[PDB]
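Single chain ahead, by itself, as structure tokens, in the form deposited in one PDB entry.
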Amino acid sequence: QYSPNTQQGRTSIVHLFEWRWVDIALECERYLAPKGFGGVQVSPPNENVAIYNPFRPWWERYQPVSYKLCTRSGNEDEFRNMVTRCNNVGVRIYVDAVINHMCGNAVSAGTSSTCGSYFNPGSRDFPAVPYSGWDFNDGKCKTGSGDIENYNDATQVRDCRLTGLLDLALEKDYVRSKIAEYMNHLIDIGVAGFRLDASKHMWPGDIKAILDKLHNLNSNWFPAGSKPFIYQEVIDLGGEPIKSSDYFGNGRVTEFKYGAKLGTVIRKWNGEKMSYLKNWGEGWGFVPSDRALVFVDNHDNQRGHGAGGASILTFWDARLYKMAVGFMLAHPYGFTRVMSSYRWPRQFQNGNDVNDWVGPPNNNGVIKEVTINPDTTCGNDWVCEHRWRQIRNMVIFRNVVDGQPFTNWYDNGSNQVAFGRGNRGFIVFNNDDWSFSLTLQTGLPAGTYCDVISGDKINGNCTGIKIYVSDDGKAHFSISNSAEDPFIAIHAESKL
């Protein structure tokens, strides 16, 4: 459960948040495969409640109605097609598994679902699965309201409702089986792993019981004995009775301290500075690298919906975001996930964005098609961070330097640092308020390299900055603090 199951040489996955199955199928063939991406996180593929007030928010997808592969992203046939095509070009699919609960208890009964399924929250009836009152933790939860009231109580966090979401009785073999039924259907379809949503609200042991019921990956695309990749969403920052280390036995975990700390260091908040990143990783009190799934932002905190707070960097802070993603992709710690979002009308009031609920680009509820512009960018309000030269190229950089050790670190005691990955790559950052001009030991073989942030190495030439490495591996770097992208990166494959 610790291996991503990506084919040899691909080191990252991208979250194509809210994308339609058909657009992802195309993306695998026309971009992801060619550009070297390892896989994709898809939004929950199972049927959810259709919420019209507000109008189809993104979070209505974390409010399950059944396990039918039928959502605004597409039906089951489109889903299978997508998984097939993507696998056929070596790009894996990872399903966002929402198994801790069903919908909110206050939701009106009826057939307001993405697939017409009938559900009745008030009476605990989800006939499409089916589930009834006996399958929820109502009698087990001890809070007066029935919802989680105190996170300092590990029991309560697991047995009570997360903001009213009907909590499933995961200790029951029946419920465990209905969930494994769902997951094995996906596995046999060809998916390579799962993101276990809200794993903090499930007992480590109940999760393990469910994983024991799972098949090995589809033998038509994966070698015999392959177990699905499992990453647990567990938000573990400061003091709480629950620790992310309690889930190491089921798979990897989301290391949220990563994006929070990186955000403040790069924002230079409260005395933080890049020079402190020398011992980035476990040295900062993070989980072990082989159990970590890292990222700069995720669908929740990029809109202030989770831990990380104000320090989190997102596409809205483009300049510093590229720098953070750059550092992440260059550094060896953990397994990296790149975010790919859509624009929404941020409307800040008293410091809070009242439009954080807005769902994906759409026409009367119908999600918009991802259109590709002549410059490879996207239209219809899809941000497509994964298509940004600086990010796309750093995804490739990670692939090239994969396995190479961290070395040749340099820092001016402030905000301009540099380090390399063995003799396969080197990167330099200037985050100070003054220019950076200096000759640094790079550890790369002599030659002329194309900087992959400012340009590309296209047919014998660089479209951007060029770096010259001498015989002793030295090379000169000059980065004005006024550069659009205050950092340079070169690797074995960008050498002319």
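Residue numbers here begin at 1 and follow the sequence given. Here the rigid core means the biggest group of C-alpha atoms that line up within 1.5 Å when the two forms are laid on top of each other.
Only in words, not in the display: the form deposited with a small molecule bound, which the text now covers.
S.K.: Using heavy atoms and a 4.5 Å cut-off, decide whether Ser244, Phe248 and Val370 all contact the small molecule in the deposited bound form.
M.R.: So, yes: the whole triplet contacts the small molecule.
S.K.: Pick from 250 to 258, 179 to 187, 419 to 427, 399 to 407: which stretch has a heavy atom within 4.5 Å of the small molecule in the deposited bound form?
M.R.: Heavy atoms within 4.5 Å of the small molecule in the deposited bound form occur in 250 to 258.
S.K.: Considering non-hydrogen atoms and a 4.5 Å limit, which listed residue (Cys70, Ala50, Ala33, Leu26) is close to the small molecule in the deposited bound form?
M.R.: Exactly one residue meets the criterion: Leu26.
S.K.: Verify the contact flag for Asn81: yes if a non-hydrogen atom of it lies within 4.5 Å of a non-hydrogen atom of the small molecule in the deposited bound form, no if not.
M.R.: Contact with the small molecule, yes.
S.K.: State yes or no: in the deposited bound form, is some non-hydrogen atom of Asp236 no more than 4.5 angstroms from a non-hydrogen atom of the small molecule?
M.R.: Taking the distances in the deposited bound form, the answer for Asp236 is yes, it comes within 4.5 Å of the small molecule.
S.K.: Please check if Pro288 has a heavy atom lying within 4.5 Å of any heavy atom of the small molecule in the deposited bound form.
M.R.: Yes, contact at 4.5 Å.
S.K.: Even though the small molecule is not shown here, does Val22 get within 4.5 Å of it in the deposited bound form, heavy atoms only?
M.R.: Although the small molecule is absent here, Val22 would touch it in the deposited bound form, with heavy atoms inside 4.5 Å.
S.K.: Considering only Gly251, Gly308, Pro360, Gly425, which residue exhibits a C-alpha shift of no less than 2 Å between the shown form and the other one, with the rigid core used for superposition?
M.R.: After core superposition, the single residue displaced by 2 Å or more is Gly308.
S.K.: With the core lined up, does the C-alpha of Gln232 move 2 Å or more between the shown form and the other one?
M.R.: Moves: no, less than 2 Å.
S.K.: Taking the rigid core as the superposition reference, indicate whether the CA of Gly447 shifts 2 angstroms or more between the shown form and the other one.
M.R.: Not so; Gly447 is displaced by less than 2 Å.
S.K.: Rigid core fitted, is the C-alpha displacement of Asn459 between the shown form and the other one 2 Å or more?
M.R.: No; that C-alpha moves by less than 2 Å between the shown form and the other one.
S.K.: Flagged pair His299/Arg61: C-alpha distance shifts by 3 angstroms or more in the deposited bound form. Which direction, closer or farther?
M.R.: Result: farther.
S.K.: Where do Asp246 and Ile312 end up in the deposited bound form, Cα atoms closer or farther than shown, with a change of 3 Å or more?
M.R.: Farther is correct, given that in the deposited bound form the C-alpha spacing of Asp246 to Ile312 is increased by at least 3 Å.
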